[PDB]
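As structure tokens, one chain now follows by itself in the form deposited in one PDB entry.
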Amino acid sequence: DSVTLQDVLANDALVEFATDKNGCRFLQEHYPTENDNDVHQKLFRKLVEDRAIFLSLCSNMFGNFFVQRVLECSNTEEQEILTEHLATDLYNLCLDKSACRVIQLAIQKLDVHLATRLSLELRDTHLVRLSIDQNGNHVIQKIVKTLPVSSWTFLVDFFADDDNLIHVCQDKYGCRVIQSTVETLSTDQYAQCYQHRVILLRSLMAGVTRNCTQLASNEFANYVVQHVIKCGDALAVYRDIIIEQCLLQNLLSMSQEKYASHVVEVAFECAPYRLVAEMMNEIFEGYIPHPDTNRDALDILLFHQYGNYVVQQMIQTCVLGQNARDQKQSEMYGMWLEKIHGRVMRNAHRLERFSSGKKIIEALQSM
């Protein structure tokens, strides 16, 4: 209806419609996408003429959907006006439940130079608070997943400090921020500068690697350590350091913990032969507590509520490892599997009383 559009335009009623659910649904459906349309131009001008009114509509539970529709149809001249408004209060808008959705769509829809100009407003702000915020963590992940890495180099510089990295990575929301950044930096962004990406990648990988023992044991940061272990190829130096300078010394203790046992499982699942052999050599020939009770680490892990899952992964690694083309490797994988199988047979009646022991017995009886 055009009477409604002219009443919004002539009688200054845009705030009344945009802050009402059905009024704002009207504004989204009857906003013409064409930038040369006259109704489009006057409604856009009404939205952006007052900076404080524009920002209040971004933060409004219904008004933010209209601002999003204007972003979807925007051109360069409109985008420069929207960017200048959003830049005056960007950090607070990223914390807001409504306005952070406007920011996330603007990162997607603005021209890359304008979206970069927005994200550079975050450069000297409290980025720990933003990365662990329930709303702000999605803005950071959107920046990292959308813009080229040169638009957010300051984020990697911020996470280069070990205090910042540990605080963000050990958070329910901030571990998603760290993992998304690792995913983007370790992905082949072939249309961007290779060496710029790899320098940032190695700075963040070294940060995780320097703190790997604390992060692997943490409720949230253990996912990030698992991801670093799986990367390999040019990042294999970080996987090798994490296994050899942390996991090899701590394998038995980590396998008994709720979070770190997932890191041990991933290492057995994905590490190459040389590292798997060193991990098996720690299990069967390393430091064994109470050796008058325990023959090796299997005597602890077989009956443990988390360590039994490490044993199940060890079985699966050896079963697949017997197919190795190198008969020297497959001989070892078969001998580790026979050692596990003999220990399960010796303790079968105790193991049969538990769901863990039944799963281990069924996996071995499948062969």
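So that the term is clear: the rigid core is the largest set of C-alpha atoms that superpose within 1.5 Å between two forms. For every residue, the number given is its place in the sequence shown, counted from 1.
Keep in mind the form deposited in another entry is missing from the figure; the text below concerns it.
Displaced residue between this form and the one not shown, judged on C-alpha after the rigid core is fitted, out of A87, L248, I81, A234 (threshold 2 Å or more) = So the only displaced C-alpha belongs to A234.
query = Core aligned, does the CA of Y287 move at least 2 Å between this form and the one not shown?
reply = Yes, the C-alpha moves 2 Å or more.
message = Once both forms sit on the same rigid core, is the C-alpha displacement of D296 at or above 2 Å between this form and the one not shown?
response = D296 C-alpha, core-superposed: shift of 2 Å or more.
inquiry  = After a rigid core superposition, would you say the CA of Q134 moves by 2 angstroms or more between this form and the one not shown, or not?
reply    = No; that C-alpha moves by less than 2 Å between this form and the one not shown.
ask   = Do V112 and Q189 have their C-alpha atoms closer or farther apart in the other form than here, with the shift being 3 angstroms or more?
value = Relative to this form, farther apart in the other form.
inquiry  = Closer or farther: how do the Cα atoms of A234 and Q179 compare in the other form versus the shown form, where the change is at least 3 Å?
reply    = Relative to the shown form, the pair is closer.
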